[PDB]
Amino acid sequence: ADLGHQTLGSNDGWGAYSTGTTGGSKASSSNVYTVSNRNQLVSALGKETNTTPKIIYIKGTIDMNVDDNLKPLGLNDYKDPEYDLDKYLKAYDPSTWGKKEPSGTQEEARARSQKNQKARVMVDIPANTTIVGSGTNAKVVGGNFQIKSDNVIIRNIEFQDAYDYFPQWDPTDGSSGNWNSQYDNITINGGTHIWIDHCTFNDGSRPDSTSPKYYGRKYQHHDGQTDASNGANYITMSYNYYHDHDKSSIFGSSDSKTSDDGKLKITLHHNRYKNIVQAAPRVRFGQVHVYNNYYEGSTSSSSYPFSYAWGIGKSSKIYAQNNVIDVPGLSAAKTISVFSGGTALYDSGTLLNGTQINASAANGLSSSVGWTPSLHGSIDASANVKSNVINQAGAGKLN
Ligand SMILES: [Ca+2]
Ligand SMILES: [Ca+2]
Ligand SMILES: [Ca+2]
């Protein structure tokens, strides 16, 4: 079968569980679309009622920050009439506003501005859908795909720069506050049976090194790359290339969302993370199989310095095998970050800078995560992971 008609293999990760992930492979001809702009993409996707098997080939670059005539939209197009960055900055400056939550005119105007952009960039993917890049240059720029449905395949697309023109200041986010933005490349919001494969995720032409600092904190226009939340379940992410980005993959959005327990069953394999700061993945609750991934970066990088690879969040059950981490000077312990409620991690075959390490033991974590993955393909020796992943991961490697 061609790219549009291929399904996730019956052994290939958590996405293969129960009914598996077949996307729109059973599509009739009348439900096979080629799209090359926002209008064509939105028309092909339709509404949540569009559950018939469908295949959508993306041809070329689809810029999601465009109006209905495909004219590019920017800050002043989306801006609420009452919003002004200078005044927003003046209103909420810690030196005069303190650490209370931004409220009043400018914050309300910013929130409205954000909803204006959201209307353009954020799109829901309906059930039984395969979206695949045609050739080696299929791109989604500025877009935030959301999957709340069942049975979706996304492959061979370079997702670039899910950019929020209106980051929100939160003075209570960390010891010196932070700016936060809303858009991921892909958000799995309660979605199930999903395969994300041979995609690339990056910050395009607007990396975080091009954003100024306000209040001494980076004016952060980006959110996640591939996030999973709200009971998202049975997902395989394979052969993806994540690069040049801060927060990559957050699985389970809140310590309070205890309904995520028993869900967030995700398999990550053969992914490349280059110059990714953190959360690759950060996990709460989920049985997450992480195998044969390659991580490369620098703690002293000026654009995207490595912080950690695996986030051991509340009640997380990461099962890691034969992953390779290349970050000069990094200790075995610092390959991961342990958050309150995180007590367990299984990792075997972990290679840090060419040396075999035990990340779990280095962090005093239990190795008992209470499960072992039964749905997986062949496991590469750690020794071949770097080569295999660099050669095979990302968009434009199939076509
Ligand atoms: Ca935050
Ligand atoms: Ca976020
Ligand atoms: Ca997110």
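Atoms within a ligand are numbered from 1 in the order they appear, just like the ligands themselves. Throughout, residue positions are numbered sequentially from 1 according to the sequence presented.
Ring centroid separation for the pair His269 and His376 does not come in under the 6.0 Å cut-off.
Ring planes of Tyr88 and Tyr92: perpendicular class, angle over 60° (limits at 30 and 60°). Taking the six-membered ring where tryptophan is involved, the planes of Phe339 and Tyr308 are perpendicular, since the angle between them exceeds 60° and thus also 30°.
Salt-bridge formation is not detected for the pair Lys314/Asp255: no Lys NZ or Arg NE/NH1/NH2 atom is positioned less than 4.0 Å from an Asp or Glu carboxylate oxygen. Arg120 and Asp68 are joined by a salt bridge, as a carboxylate oxygen and a charged side-chain nitrogen come within less than 4.0 angstrom of each other.
Grouped by direct or indirect side-chain proximity (heavy atoms under 4.5 Å, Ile/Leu/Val/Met/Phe/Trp/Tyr only), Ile153 sits with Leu8, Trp195.
Take a cut-off of 3.0 Å around the Ca ion (ligand 1): the protein N, O or S atoms inside it are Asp173 OD2, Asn180 OD1.
With respect to the Ca ion (ligand 3), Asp223 has OD2 as its nearest N, O or S atom.
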